[PDB]
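K.L.:
Got a structure here, written out as C-alpha cells. Questions coming.
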Amino acid sequence: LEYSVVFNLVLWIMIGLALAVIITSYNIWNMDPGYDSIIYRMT
Amino acid sequence: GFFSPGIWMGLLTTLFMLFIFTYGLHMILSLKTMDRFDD
Amino acid sequence: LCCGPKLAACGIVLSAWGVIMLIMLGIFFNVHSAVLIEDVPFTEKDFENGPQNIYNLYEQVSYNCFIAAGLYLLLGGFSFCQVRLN
Amino acid sequence: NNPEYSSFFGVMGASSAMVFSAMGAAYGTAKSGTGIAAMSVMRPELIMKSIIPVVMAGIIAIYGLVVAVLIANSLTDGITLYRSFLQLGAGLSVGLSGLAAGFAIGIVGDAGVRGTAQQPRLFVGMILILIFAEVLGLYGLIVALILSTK
Amino acid sequence: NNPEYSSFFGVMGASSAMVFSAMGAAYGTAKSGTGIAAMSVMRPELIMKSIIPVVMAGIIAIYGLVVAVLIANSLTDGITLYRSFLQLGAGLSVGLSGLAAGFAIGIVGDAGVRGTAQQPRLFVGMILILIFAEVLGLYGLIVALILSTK
Amino acid sequence: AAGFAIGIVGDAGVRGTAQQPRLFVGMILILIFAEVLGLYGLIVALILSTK
Amino acid sequence: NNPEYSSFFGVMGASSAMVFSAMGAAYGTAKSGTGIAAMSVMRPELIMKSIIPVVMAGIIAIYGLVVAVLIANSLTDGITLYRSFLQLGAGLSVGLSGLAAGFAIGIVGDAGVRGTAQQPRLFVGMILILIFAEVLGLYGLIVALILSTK
Amino acid sequence: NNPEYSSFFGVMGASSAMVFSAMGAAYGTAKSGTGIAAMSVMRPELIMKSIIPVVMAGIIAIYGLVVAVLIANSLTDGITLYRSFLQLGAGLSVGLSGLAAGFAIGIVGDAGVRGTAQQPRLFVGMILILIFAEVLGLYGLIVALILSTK
Amino acid sequence: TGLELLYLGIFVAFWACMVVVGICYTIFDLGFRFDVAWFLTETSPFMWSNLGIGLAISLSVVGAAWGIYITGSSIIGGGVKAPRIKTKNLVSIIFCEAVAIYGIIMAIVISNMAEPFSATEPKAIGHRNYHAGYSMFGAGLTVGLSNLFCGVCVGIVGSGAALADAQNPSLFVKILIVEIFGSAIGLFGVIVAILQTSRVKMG
Amino acid sequence: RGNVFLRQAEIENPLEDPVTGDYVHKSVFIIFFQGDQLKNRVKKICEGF
Amino acid sequence: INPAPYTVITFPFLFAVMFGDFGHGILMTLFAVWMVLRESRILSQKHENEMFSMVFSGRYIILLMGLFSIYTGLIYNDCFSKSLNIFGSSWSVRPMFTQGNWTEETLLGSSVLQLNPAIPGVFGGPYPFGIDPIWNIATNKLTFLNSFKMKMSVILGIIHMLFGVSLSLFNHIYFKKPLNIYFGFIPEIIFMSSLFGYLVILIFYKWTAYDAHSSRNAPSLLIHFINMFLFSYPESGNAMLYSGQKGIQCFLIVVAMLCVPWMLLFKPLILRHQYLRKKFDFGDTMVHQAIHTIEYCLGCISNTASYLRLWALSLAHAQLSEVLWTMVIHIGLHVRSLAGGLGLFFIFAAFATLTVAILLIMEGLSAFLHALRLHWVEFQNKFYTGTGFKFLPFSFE
Amino acid sequence: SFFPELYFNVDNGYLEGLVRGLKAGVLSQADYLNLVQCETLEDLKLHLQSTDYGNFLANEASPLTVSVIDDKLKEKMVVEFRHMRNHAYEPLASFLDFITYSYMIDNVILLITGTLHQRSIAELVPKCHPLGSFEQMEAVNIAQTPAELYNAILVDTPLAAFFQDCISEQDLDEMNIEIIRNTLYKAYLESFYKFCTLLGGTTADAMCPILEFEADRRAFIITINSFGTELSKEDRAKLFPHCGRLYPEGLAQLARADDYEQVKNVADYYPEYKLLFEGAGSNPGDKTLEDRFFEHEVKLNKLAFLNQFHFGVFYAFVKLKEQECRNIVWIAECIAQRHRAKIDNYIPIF
C-alpha cells in the first residue's frame, strides 16, 4: 500500500530533473561565439 | 491502484495552475529591448 | 534660510492631521472607553472575572494617546519655526 | 471525518494570489520603462509626466496583497473540502484577472508614451484607455469577496 | 498518527523560496552589467549613477534568504500536514514573486543605464521606476511572514 | 558540462590565437579550470561508490 | 436504474457543440471584417454589396444554437447511457462541421473582397462559391438532428 | 446480455463520417478561391469555366453525408459490439479518405486554375487530373458500404 | 520554433504514451481497472463546480484584455497624425468590456446553488448532486470560451475599423455592423449557459 | 597589420566646435611607423577621421 | 439640449455613489478649499507642473465631489473603515436572549462563531441615520452589504438611464418631425419600460412584502426573470411572486416582443408611400433603420448590464479601507507604558502617507474617469447625435 | 484565428499606425493638376505649403534653385525614415536594415566609379545618398584592387555577406564595376526573397509579387542593355536573378538573344509582359521601356496596400514616396526651362 504516493513522487521528481537538464543543455549548446572580429575576418 | 482520488484532484489543480503559469512565462520571456536611442 | 517652507509645508499639514486625529482617537478611547464595535484589539487573554479589567486597560490604552500626539504637538511647532526662517 | 488532503487546495489558492497577479504587474512596469527611454532624449521635460503608467501597474500588485491577507486569516486546521475549493477558485480567478490586466496595461503604456512623445493632445486619450485596463483587475477581485461567503 | 511523507511539501518550500529568488537576482545583476558595459565608454564617471539595479538584485536575494532561513528554522520530525502545506505555499509564492521582480529590475536597469548615459537628467527619474519594482519584493516577504505563524 | 565548456572555449581561443601568439599560453590557463570542473564531477561519484 | 454518471457526456456534448461553432463563426467574421476594412479605402461606394460573407458566417452560429437548444432541452438528470452517447456524438459532429465551414467562409470572403474590388464581374461567381461553403455546414446540422431524435 | 457502452463506438463512427470528410471539403473550396479571384483580374470570361473543382468538392462532401445518414439509421439501443465496431471503422475510413481527397483536390484546383489563365489548351488535361483525384473519395464510399451491409 | 519545440515535444510524447498504455491495457484483458466510474464518482463535485466558477470569468477577462490591447495599440498609433479619431473609437473598447460584464453576471448566476452536504460515498451524494456539478461546470466552460472568442473577434474588427477610419472620415458608419455581428456570439454563449444551468438543484 | 603602432590620450574638458559651437568630445592620437610607404598610405585613412 | 446643468450635479452624485467614505471626503474637501482660496495668488503666479494646471482647471468638480463624498460616506457609515456609532443599536440585550433559550453557550463558543437566527420575537428596528452600525464588526456583513450594493446599483442605473432617454422627445417635437416620434421614440420607451420597470417593481415588492418568518419558500428574482425570458413554466420548485403573475407577465413579454416590428419595418414603407405619391434608395433606408433598431436593442441590453461598476468600485473602496486600517496602524494598539506613543508617531506617519499614495490620488482618478465614461456612453448614446461645429473666433492672440 | 494576425500589433502597432498616417501624404491627381499650373518656383513653394508637405523652406533661399528643393525633399526622406527606424524591435529592425542595403550598395558603387577618375577625390560626399551612410564610406578611396575593397567593406559593413564568395579579381578597371553592381544586386534580391519567405504569414503573400517583378525587370534591363557591347553572353547568363517567373526561359532563351526581335518574341509569350512591351513600342512619340516599367512598379505597390498586418507596408511605402519625389522634380524642371510641352510626362499615383 501507499504505492500511488511513492510512484507519483518518483515520477514527478524525475520528470522535473530531466526537463530541467534538457532545457538548460539546449540553451548551453546553442550559444553565440561572435562571428564579430576573430571569426568574421578571413584572408 | 496507480492513483487515489486526492492525488487526482491535486494533479488536475496543479496542471491548471501550471498551464496558466507557462502562458504567463511565455509572454514575459518574449520581451525584447531597443537597440539605439533617438537623436 | 534653513529648511525653507517649500519642502516643509507638507510636514505642517501632516502634523496638523496627526494631532487632530490622535486627540480624536484618545478621546473616543477614554471617554467612550472604546466600545468593541469601534475597537477589536485589547490587552489581555484571561477576562473571565469582570468588567473592571476591561475599562481599566482601556484607560491605559487611551493614555497611550499622549506622547503620540504630544510628539507632534512639538514637531508642528518646530516645523513652523523652520518655515519662519526666511 | 474530513480527509487530510483537504488543507492542501486552499493554501495553494493563497500562493496564486501572490504569484500570478504580481507577475502581471511586473511585466507592465518593465515595458513602461522602455517607453520612457525612447521618450527621454527628445522630450526631456515630460519624464515625471509619465509617472502615470508605472503606478497604474503597481496597483495590480496591491489588489493581490489584499486578497492574500484575507485567505491567510480564514485558514484553519478543520476545513471541509467545500471551503478549500471556494478559496482555490477565488485565488485562481483573482490571479488570472491580474495577469491579463497587467499585459494590457503594459502594451497600452508603451503605445501611450510613444504617442505622447510626438503629440501632446494624445495624452488624455491614452489615460482613458489605461483606465479600461486597470478596472479589469477589480473584476477578478470581486468574485473573491463573493467566494468568502458562498 | 501522521504520515511521514508529510515532510515533503514543507521542505520543498524551504528550497523553492531560495531557488527562484536567486534566479531573479541572476537577471538583475547580469543584464544591468551588460548595460553598464555600454555606459562605461561615453562617460566612465557615472558608475555610481548606475550601481542601483545591482543593489536592488542583492536586496531581493537577501529577501529570498531570510524567508528561506526562517521557514527552515521551523523544521521538526513530527510536523503536521497543515504546517507542511503552509510552508510550501509561502516558499513557492515568495520564490516566484522574487523571480518576477528580478526580471523587471533587470530590464528597467538595462534601459535606464544607457538612457542616463545619453541624457543625464533621466538618472533621478530612473531611480523612481526601480523603487516600484522593489516594492513587489516587499510584498512577497509580507505573505510569508503572514503564513509563518497563522 | 565540462565537454561543453571545453568545446566553446577551445573554439574561441584557437580562432583567436591564429593571429597573436602571446595569447596562446594564456589559453591553457582557462582550459585548466575547465579540467578542474570535470575533476569535481568525478570526486563526488567516488565517495558515493564507497558509502 | 441508470448509473450515476449519466449526464456528464450529454453536458460536455452540448458544451463542445456551442463552443466549436462559436470558434468557427468568430474566425469567419474576423477575417471577413479584415477584408472589408482593407477594401473600404479604395472603393467605399460598394460596401453594402460586400457584407454578404458575414451574413453567411452568422448561419454557423445559428446552427450551433439550434442544436444546443434541442440537446439541452432533451437532457434530464436520469437519462440512459445510449441517449447521452447520442448527445455527445451529435454535439461533436455539428461543432466540427461548423468550424470547417467557418474556415472556408473566412478565407473565401477574404479573397473575394479584393477580387471584387479589382473587377465587378467577379461578384456573381463569388456568390456561387459561398453557397458551396454554406451548404457544407448545413449538411452537418441534419446529421446531428437524426442523432438527437434517435 | 450486452453492455450499453458498446453503443459508444458506434456513435463516434457517425461523427467521423461527417467530421473529417467535412473538413476536407472546406479546405478544397478555400484553395480554389485563392486561385479563382486571382484569375478573374485579367480574363473574366473564364470564371464560369473554373467552377468545376468546387462541384467536385461538393461531391466529396456528399459522400460523407450519405454514409453518415446510413450509419445513423443503422443505430439502435441494443447493438452488439460487432456492429458498433463495424460502424466505427466505416466512418473513420470514409472520413479520412474524403479528407485526403479534398486536400489533393484543393492544391490541384488552385494550381490548374492559375495555370489555365495563360494556356487555354491546358483545360481538358486539367479535368483529367481532377477525376483522378475524385475517385479517391469514391473508393472510401465503397469500403464503407461493405461494412454497413455486414 | 524558438521554444515551441518543447511544447510540441511534450504534446507528442504525452499522446504517444497514452496510446501505448491504452493498447497495453486492452490486449492484457486488464480493462476492469480502467473504471471511468471510479474517477467520475470518487472525485467530489465541488472541485468541478469551483473550477467552472473560476473559468467563467477567467476566460472572459482574458478575451477582454486581448481585445482592449489589440484595439488600443492601433487607435493610438493612428491618432498621432489624426487626433480627430481619438475619442470617436471608444465604442470598440466598450464592446470589448461588454464581454467581461457578461462573464461576471454569469458568475453571479452560477455561484448560487452551492449548498454543502455531508455525504461521503457516491450512493449518498446521488444523481441530482452529480448532475448539478457536471452541468454547471459545463456551463462555465461554455460561457468562458464563447466570451473569449467573441472578445478576440471584436478586438480584431475594431482594430481594422480604427486603422481605416483615419484615412477617410466618412467610413465609421459602415463598419460597426461587423462589430455587432461579432457581439452576437458573445451573447449566444451566455444564453446557452443559462439554458444548461436552468435546472440545478444541488443540496 | 600591426607594422605601425598607435597610442591615444584625451582631454577631460570638452572641446568647442567651430561650426556648431557644441562641446563635443575630442582626443589626440600618436602613430609610429617604420618607413616612407606607411607615411604615404596612412593619410588616406587619417583624413577619413 | 446642452447637458451641462444635468452633468454639473450628476457627476459629483455618481462619484459619491462610488466614493462612499467620509474621512476621505473631508480630506478632498480640504484639498479643494486650499486650491480655491489661493485663486488670486495662483492665477498671478508662474507655475510649471501640468498636473497642477489640470487640477486647478478642475477645482470646481473636485470641490463638488468632495462635498458629496462627505454625505455619501456619512450614509455609508464607513468613515476610515469604522462606523460612526450614534449608539442606537437595538439588537441584543441579555435577558431577551436568555428568554429565547440561550444561556452560557459562549463556553463552546470560545472556538466557534454562533450566528444567531433572527426574530426571537423581541427585536428588530431600522436606523434613521443611514446604515445601522453593528454591521461593522459582524463577520457576515459582506453578504448583506453586497446584496444592498447590487440592488442599489441596478436601481440607480435604471432611473438615470430613464432620465437620459426621456429627453429626445423634446427635441423631436421641437424640430417638427412627426414620423420620428409617433413611430419613433414611443416604441423605444414602451419597450424599455415594459422590460426593466418590471424588474424595479418586482425588486421593491420582494423588499417590502416577504417578512422574516417566510424565509424558507422565499423566491429568487433572477430565476423569475430568466424564466420569463425563456418562457418556461415549471409547476413546482419556485412559487409565483404574487397572484395573477401569469397573465401580466405573459402580456408584458408579448407586447415587448411585438414592439420591435414597428421600428423594424413600418416607417420606410410610409416614406416610400409618400415618395411614390410624389412620382431615394428605399433599400438603403430600411437597411439604415434596421441597423439602428438592432443596435438600440442590443445596446440597451448592454448598457443595463454595464451598470455594475458602481457596485464594483464601492466594494473595492470598502475592502481597501478595511485592510489599510487593519494591517499597518492596527499594530498601534499595544502594551507599552512609556515608549508606545513614540512608535505610534511613525506608524501613523506611514499610514497617512500610504493612504495618500494608494487611494486619494490614483484610484480616485480611476473612479472619476469611470464616472466620466458612464456620463458619456450609456447616457448620451440615446439622444445626443453629436454632429456640429463650435466657433473658431477671430480673437487675436 | 488566422496564423499571423493575433500577435502582430503587440510590438508593431504604433509604427504601423504612424506609417499608415504618413501614407495619406501622397498627392492625388487633383493636386498634380493643381501644381502643373505654377508660374515660378516661388509659386511651387506657395502651393507646397498648403499640402501635407508644408513648411520645409523657411531658410534664406532668396535665390531659390531646384538644388535646394531636391536637397530638402531628400532631407525629409532621411529624417522621417531614421525616426521610423529608431523605434523598432529586432524583426522590423532587420527588415529596415535590408531596405537600406540597396542605397548602401548604390552609394559604394557611385563612390568607386567616381574615384576611378582621379579628377575627384573628396568632393563626392554631397552627391551620395545620406540614407546609405555607414562608418567606412571613405575607405573606398584606398582600394586599388577589389580585394582591397572587400578588405575595407568586410569588418562592419554587412555587404560582405552579399559578395564575399562571388568576386575573385585583382585588377580594378572601369568595365568590371558593372559586374560588381549586378552581382551585388543579385545577391541582395536573393537574400531578401529568402528572408521574406522565412518570415512567413501574410507578408510573404503580399510581398512575393513585388520582388518577383523586380527580378524580371532587372533581368530584362540587363539583357537589353548588353546588345552591342563587350560583355560576353555566358557572363550575362551568370548575372540573372533566380526568383522571378522567368526561371526556365531566363537561362534557356534570354542568353540566346542578340537583337530586340528575339526579346520581343520571348516577352510576348506571357500576358503581362506582352502587354507591357506592346505599350512601350519604342516609337518616337511613345515612352521608353523604362517608363512602362515604372508604371507597372507603382501599380504593384499601390495594389500591395490592401492587407492589414503585412510588414511590407513599410518597404512598399518608402519606394512609393521616393517615386513621388522624382515626379515633383520633373515639374520644377519645366519651370526652369520655361516651357510646358513635356510637363504631362509625369506618372500619376493614387
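Order determines the names: the first chain of the C-alpha cells is A, the second B, and so forth; residues in each chain are numbered 1 upward, and ligands are numbered 1 upward as they are shown.
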Leaving out residue A:31 and any residue of its chain fewer than 4 positions from it, which residues lie within 12 Å of it when counting only C-alpha atoms, given as JSON, numbers by chain?

P.N.:
{"A": [24, 25, 26, 27, 35], "F": [4, 5, 7, 8, 9, 12]}

K.L.:
Identify, on the basis of only C-alpha atoms, every residue whose closest approach to residue J:7 does not exceed 10 Å; exclude the query and any residue fewer than 6 positions from it along the same chain; express the result as a PyMOL selection string.

P.N.:
chain J and resi 28-32

K.L.:
Could the residues in this selection be saved with N, CA, C and O atoms as a CSV table (one decimal), in the first residue's frame?

P.N.:
chain,number,residue,atom,x,y,z
J,28,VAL,N,43.4,63.0,-28.8
J,28,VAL,CA,44.7,63.1,-29.5
J,28,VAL,C,45.2,61.7,-29.7
J,28,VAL,O,45.1,60.8,-28.8
J,29,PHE,N,45.9,61.4,-30.8
J,29,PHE,CA,46.5,60.1,-31.1
J,29,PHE,C,47.9,60.4,-31.7
J,29,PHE,O,48.1,61.3,-32.5
J,30,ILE,N,48.8,59.5,-31.4
J,30,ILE,CA,50.1,59.5,-32.0
J,30,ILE,C,50.4,58.1,-32.6
J,30,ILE,O,50.2,57.1,-32.0
J,31,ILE,N,50.9,58.1,-33.9
J,31,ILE,CA,51.1,56.9,-34.6
J,31,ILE,C,52.6,56.9,-35.0
J,31,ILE,O,53.1,57.9,-35.5
J,32,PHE,N,53.3,55.7,-34.8
J,32,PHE,CA,54.6,55.5,-35.2
J,32,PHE,C,54.7,54.4,-36.3
J,32,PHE,O,54.0,53.4,-36.3

K.L.:
When you look at residue K:29 with a cut-off of 10 Å (counting only C-alpha atoms), what residues show up, excluding the ones that are within fewer than 4 positions of it in the same chain? I need them as an mmCIF file with N, CA and C atoms, in the first residue's frame.

P.N.:
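Below is the file result_5.cif, written as the result:
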data_model
loop_
_atom_site.group_PDB
_atom_site.id
_atom_site.type_symbol
_atom_site.label_atom_id
_atom_site.label_comp_id
_atom_site.auth_asym_id
_atom_site.auth_seq_id
_atom_site.Cartn_x
_atom_site.Cartn_y
_atom_site.Cartn_z
ATOM 1 N N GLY K 23 -14.255 60.345 5.888
ATOM 2 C CA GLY K 23 -12.983 60.980 6.188
ATOM 3 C C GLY K 23 -12.246 61.407 4.933
ATOM 4 N N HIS K 24 -12.254 60.549 3.911
ATOM 5 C CA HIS K 24 -11.639 60.903 2.638
ATOM 6 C C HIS K 24 -12.389 62.048 1.975
ATOM 7 N N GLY K 25 -13.701 62.137 2.203
ATOM 8 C CA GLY K 25 -14.435 63.313 1.769
ATOM 9 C C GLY K 25 -13.911 64.583 2.409
ATOM 10 N N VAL K 33 -10.499 73.280 -0.971
ATOM 11 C CA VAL K 33 -10.541 74.615 -0.387
ATOM 12 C C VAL K 33 -9.163 75.255 -0.433
ATOM 13 N N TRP K 34 -8.110 74.476 -0.187
ATOM 14 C CA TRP K 34 -6.761 75.015 -0.297
ATOM 15 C C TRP K 34 -6.516 75.560 -1.694
ATOM 16 N N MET K 35 -6.858 74.779 -2.715
ATOM 17 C CA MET K 35 -6.652 75.253 -4.080
ATOM 18 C C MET K 35 -7.497 76.487 -4.364
ATOM 19 N N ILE K 62 -13.706 69.002 -8.366
ATOM 20 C CA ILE K 62 -13.087 68.353 -7.216
ATOM 21 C C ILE K 62 -13.798 68.764 -5.935
ATOM 22 N N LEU K 63 -14.071 70.059 -5.782
ATOM 23 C CA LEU K 63 -14.771 70.520 -4.590
ATOM 24 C C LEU K 63 -16.162 69.907 -4.491
ATOM 25 N N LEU K 64 -16.912 69.891 -5.597
ATOM 26 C CA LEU K 64 -18.277 69.374 -5.531
ATOM 27 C C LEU K 64 -18.288 67.888 -5.190
ATOM 28 N N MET K 65 -17.393 67.109 -5.801
ATOM 29 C CA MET K 65 -17.376 65.690 -5.471
ATOM 30 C C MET K 65 -16.789 65.413 -4.093
ATOM 31 N N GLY K 66 -15.936 66.276 -3.550
ATOM 32 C CA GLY K 66 -15.575 66.118 -2.150
ATOM 33 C C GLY K 66 -16.752 66.362 -1.223
ATOM 34 N N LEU K 67 -17.506 67.433 -1.479
ATOM 35 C CA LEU K 67 -18.652 67.744 -0.631
ATOM 36 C C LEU K 67 -19.700 66.644 -0.681
ATOM 37 N N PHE K 68 -19.960 66.087 -1.865
ATOM 38 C CA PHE K 68 -20.893 64.967 -1.953
ATOM 39 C C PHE K 68 -20.321 63.690 -1.351
ATOM 40 N N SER K 69 -19.007 63.483 -1.473
ATOM 41 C CA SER K 69 -18.382 62.323 -0.866
ATOM 42 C C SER K 69 -18.582 62.325 0.638
ATOM 43 N N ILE K 70 -18.556 63.507 1.258
ATOM 44 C CA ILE K 70 -18.786 63.587 2.702
ATOM 45 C C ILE K 70 -20.147 62.993 3.056
#

K.L.:
Name all residues at most 12 Å from residue I:136 (count only C-alpha atoms; drop same-chain ones fewer than 3 positions away) and give them as a ChimeraX atom specification.

P.N.:
/G:7-8,11-12,15 /I:45-56,106-107,109-114,129-133,139-143,192-202

K.L.:
Find the residues near residue C:60: any atom within 10 Å, counting only C-alpha atoms, skip ones fewer than 3 places away on the same chain, and give them as an MDAnalysis selection string.

P.N.:
(chainID C and resid 29:30 43 54:57 63:65) or (chainID K and resid 335:337)

K.L.:
Using only C-alpha atoms, which protein or nucleic acid residues come within 12 Å of residue K:216? Drop anything in the same chain fewer than 6 positions from it, and give the result as a PyMOL selection string.

P.N.:
chain K and resi 210+238-239

K.L.:
I need the chosen residues saved as a PDB file, in the first residue's frame, with N, CA, C and O atoms.

P.N.:
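As a result, out05.pdb now contains:
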ATOM      1  N   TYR K 210     -42.094  40.190   1.660  1.00  0.00           N
ATOM      2  CA  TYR K 210     -41.727  38.925   2.287  1.00  0.00           C
ATOM      3  C   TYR K 210     -41.099  39.190   3.644  1.00  0.00           C
ATOM      4  O   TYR K 210     -39.985  39.710   3.742  1.00  0.00           O
ATOM      5  N   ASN K 238     -40.459  26.774  -7.637  1.00  0.00           N
ATOM      6  CA  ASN K 238     -40.409  28.204  -7.340  1.00  0.00           C
ATOM      7  C   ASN K 238     -41.852  28.706  -7.333  1.00  0.00           C
ATOM      8  O   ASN K 238     -42.618  28.408  -8.254  1.00  0.00           O
ATOM      9  N   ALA K 239     -42.217  29.427  -6.278  1.00  0.00           N
ATOM     10  CA  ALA K 239     -43.584  29.903  -6.144  1.00  0.00           C
ATOM     11  C   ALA K 239     -43.746  31.268  -6.800  1.00  0.00           C
ATOM     12  O   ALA K 239     -42.835  32.100  -6.794  1.00  0.00           O
TER      13      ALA K 239
END

K.L.:
Find the residues of stretch 1-34 of chain A that sit at most 12 Å from stretch 11-23 of chain B; for each, write down the nearest two atoms and how far apart they are in Å, to one decimal. Count only C-alpha atoms. Sort by chain, then by number going up, and give it as JSON lines.

P.N.:
{"residue": "A:8", "atom": "CA", "partner": "B:11", "partner_atom": "CA", "distance": 9.8}
{"residue": "A:9", "atom": "CA", "partner": "B:11", "partner_atom": "CA", "distance": 11.7}
{"residue": "A:12", "atom": "CA", "partner": "B:11", "partner_atom": "CA", "distance": 10.6}

K.L.:
Extract the full set of helix (DSSP H, G or I) residues from chain D according to DSSP on the backbone, and format it as a short mmCIF file (atom, residue, chain, number, x, y, z; two decimals) with C-alpha atoms, in the first residue's frame.

P.N.:
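And here's out.cif as it stands now:
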data_model
loop_
_atom_site.label_atom_id
_atom_site.label_comp_id
_atom_site.auth_asym_id
_atom_site.auth_seq_id
_atom_site.Cartn_x
_atom_site.Cartn_y
_atom_site.Cartn_z
CA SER D 6 -8.31 18.97 2.31
CA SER D 7 -5.92 21.59 3.70
CA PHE D 8 -3.84 21.46 0.51
CA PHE D 9 -6.03 23.17 -2.06
CA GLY D 10 -6.98 26.22 -0.02
CA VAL D 11 -3.39 27.07 0.86
CA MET D 12 -2.43 26.80 -2.80
CA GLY D 13 -5.01 29.46 -3.60
CA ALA D 14 -3.15 31.99 -1.47
CA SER D 15 0.03 31.30 -3.41
CA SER D 16 -1.71 32.13 -6.68
CA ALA D 17 -2.91 35.43 -5.26
CA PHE D 20 0.08 35.45 -10.93
CA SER D 21 -1.21 38.93 -10.14
CA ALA D 22 2.27 40.04 -9.13
CA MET D 23 3.77 38.73 -12.36
CA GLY D 24 1.39 40.78 -14.46
CA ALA D 25 2.33 43.95 -12.64
CA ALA D 26 5.99 43.16 -13.21
CA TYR D 27 5.62 42.96 -16.97
CA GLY D 28 3.74 46.24 -17.04
CA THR D 29 6.44 48.15 -15.23
CA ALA D 30 9.21 46.77 -17.40
CA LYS D 31 7.52 47.71 -20.63
CA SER D 32 6.76 51.22 -19.46
CA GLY D 33 10.41 51.79 -18.62
CA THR D 34 11.40 51.05 -22.19
CA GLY D 35 8.93 53.65 -23.38
CA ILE D 36 10.45 56.27 -21.11
CA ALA D 37 13.84 55.64 -22.68
CA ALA D 38 12.57 56.27 -26.20
CA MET D 39 10.93 59.47 -24.93
CA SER D 40 13.66 60.73 -22.60
CA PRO D 44 13.09 65.62 -21.65
CA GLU D 45 10.57 67.81 -19.83
CA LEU D 46 7.91 65.08 -19.69
CA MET D 48 7.70 62.92 -14.49
CA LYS D 49 4.69 63.43 -16.78
CA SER D 50 4.97 59.69 -17.47
CA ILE D 51 4.77 58.62 -13.84
CA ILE D 52 1.18 57.60 -14.58
CA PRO D 53 1.59 54.14 -16.18
CA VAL D 54 4.04 52.67 -13.67
CA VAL D 55 1.84 53.39 -10.64
CA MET D 56 -1.10 52.06 -12.63
CA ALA D 57 0.84 48.80 -12.81
CA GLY D 58 1.71 48.66 -9.12
CA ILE D 59 -1.96 48.90 -8.20
CA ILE D 60 -2.44 45.40 -9.57
CA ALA D 61 0.10 44.19 -7.03
CA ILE D 62 -1.86 45.95 -4.27
CA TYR D 63 -5.00 44.07 -5.21
CA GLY D 64 -3.25 40.73 -4.93
CA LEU D 65 -1.94 41.62 -1.49
CA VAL D 66 -5.44 42.40 -0.24
CA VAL D 67 -6.92 39.05 -1.12
CA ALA D 68 -3.84 37.20 0.10
CA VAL D 69 -4.17 38.56 3.61
CA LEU D 70 -7.81 37.54 3.70
CA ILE D 71 -7.04 33.95 2.72
CA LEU D 81 -13.45 20.46 1.04
CA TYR D 82 -16.20 22.97 0.24
CA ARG D 83 -14.27 25.83 1.82
CA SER D 84 -10.98 24.67 0.30
CA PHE D 85 -12.33 24.73 -3.23
CA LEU D 86 -14.11 28.05 -2.70
CA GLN D 87 -10.79 29.55 -1.69
CA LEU D 88 -8.89 27.93 -4.55
CA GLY D 89 -11.40 29.31 -7.03
CA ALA D 90 -11.10 32.81 -5.59
CA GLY D 91 -7.31 32.72 -5.72
CA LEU D 92 -7.19 31.42 -9.29
CA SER D 93 -9.69 33.96 -10.60
CA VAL D 94 -8.03 36.96 -8.97
CA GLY D 95 -4.55 35.92 -10.07
CA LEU D 96 -5.56 35.49 -13.69
CA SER D 97 -7.56 38.72 -13.86
CA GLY D 98 -4.49 40.49 -12.51
CA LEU D 99 -2.29 38.82 -15.12
CA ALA D 100 -4.49 39.78 -18.06
CA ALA D 101 -4.86 43.36 -16.85
CA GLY D 102 -1.09 43.57 -16.43
CA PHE D 103 -0.44 42.55 -20.02
CA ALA D 104 -2.97 45.07 -21.28
CA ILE D 105 -1.55 47.97 -19.26
CA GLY D 106 1.99 47.18 -20.35
CA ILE D 107 1.19 47.29 -24.06
CA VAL D 108 -1.06 50.32 -23.73
CA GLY D 109 1.60 52.15 -21.72
CA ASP D 110 4.24 51.61 -24.37
CA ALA D 111 1.86 52.89 -27.02
CA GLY D 112 0.84 55.83 -24.83
CA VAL D 113 4.34 57.08 -24.09
CA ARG D 114 5.37 56.70 -27.73
CA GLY D 115 2.26 58.54 -28.91
CA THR D 116 2.67 61.43 -26.49
CA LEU D 122 -2.90 62.37 -27.34
CA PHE D 123 -2.13 62.48 -23.60
CA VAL D 124 -5.70 62.45 -22.28
CA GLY D 125 -6.67 59.79 -24.79
CA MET D 126 -4.08 57.32 -23.56
CA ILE D 127 -5.22 57.84 -19.96
CA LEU D 128 -8.75 56.86 -20.93
CA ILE D 129 -7.72 53.50 -22.34
CA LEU D 130 -5.47 52.87 -19.36
CA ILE D 131 -8.48 53.00 -17.06
CA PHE D 132 -10.18 50.23 -19.02
CA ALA D 133 -7.14 48.08 -18.28
CA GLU D 134 -6.95 48.61 -14.52
CA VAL D 135 -10.66 48.04 -13.92
CA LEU D 136 -10.32 44.53 -15.32
CA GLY D 137 -8.26 43.58 -12.30
CA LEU D 138 -11.02 44.76 -9.98
CA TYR D 139 -13.47 42.39 -11.65
CA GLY D 140 -11.36 39.42 -10.60
CA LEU D 141 -11.16 40.71 -7.04
CA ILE D 142 -14.95 40.97 -6.95
CA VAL D 143 -15.60 37.26 -7.07
CA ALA D 144 -13.00 36.72 -4.35
CA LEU D 145 -15.27 38.51 -1.91
CA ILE D 146 -18.29 36.62 -3.25
#

K.L.:
Output as a PyMOL selection string the set of chain I residues within 12 Å of chain L, with distances taken over only C-alpha atoms.

P.N.:
chain I and resi 66-83+85+148-157+159-168

K.L.:
What gap, in Å, lies between atom CA of residue L:283 and atom CA of residue L:332?

P.N.:
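These two atoms are separated by 26.2 Å.
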
K.L.:
Just how far from atom CA of residue A:41 is atom CA of residue L:156, in Å to one decimal?

P.N.:
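Those two atoms sit 10.5 Å apart.
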
K.L.:
List the spatial neighbours of residue C:40 as number ranges by chain - criterion: any atom at most 12 Å away, only C-alpha atoms, same-chain residues fewer than 5 positions off excluded.

P.N.:
C: 29, 34-35, 58; K: 82, 136-138, 325-326, 330-331, 333

K.L.:
Got a sec to pull out which chain C residues are within 10 Å of chain K, counting only C-alpha atoms, and send them as a ChimeraX atom specification?

P.N.:
/C:14-15,17-19,21-22,35-44,57,60-72
